[PDB]
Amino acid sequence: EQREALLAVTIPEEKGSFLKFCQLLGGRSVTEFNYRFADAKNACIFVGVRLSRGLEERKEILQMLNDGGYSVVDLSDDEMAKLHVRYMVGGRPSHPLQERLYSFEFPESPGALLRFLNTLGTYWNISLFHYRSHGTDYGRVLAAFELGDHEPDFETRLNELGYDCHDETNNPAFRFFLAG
């Protein structure tokens, strides 16, 4: 019956961590991810999952995450998550960051988001990540990459690969609400 799981997952706050977490979720129909840098050691990920086998599948995913070494809080029956908090996760980082923001899109197919994430390169730390794909023929990603000794320059390479990459660092909605 229930068609959506809402999950609060802790993953380590380190480069490559999100990719490893998404690899464990590979067989599942994730429809939302949301993250912003907050705690220096442990990152918090909001996950929305489309279910086809209801509570059986919800329990499988919870068990898989625990067996894989991730902590998860199940928010699937949490009225505040359903009515409010699923629209409020993320916000501003815990301190000001030097970061470059990009948007991307791709047609949905099995594994499409994971193939996209593998192209980014774990050299870059991710300081903001939002994905949404609800039945829409295209998945949508907004992600910020933290500057190190140099800045990321993704547009040409990612456009070549079909991912419709745009620099959003000066986007007014980002600047007004999410910047540090």
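Numbers follow the displayed sequence, beginning with 1.
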Exercise. Could you settle it for me: does 30-38 or 107-115 have the higher average Cα B factor in the PDB entry?
Key: 107-115
Quiz item: Between 146-154 and 49-57, which has the higher average C-alpha B-factor in the PDB entry?
Solution: 146-154
Exercise. Please work out which residue in 62, 120, 126, 43 has the highest C-alpha B-factor recorded for this crystal structure.
Key: 120
Quiz item: Compared with the other modelled residues in the chain, in which third is the CA B-factor of residue 24?
Solution: middle
Exercise. Quick one: classify residue 134 as lowest, middle or highest third of the chain based on its Cα B-factor.
Key: highest
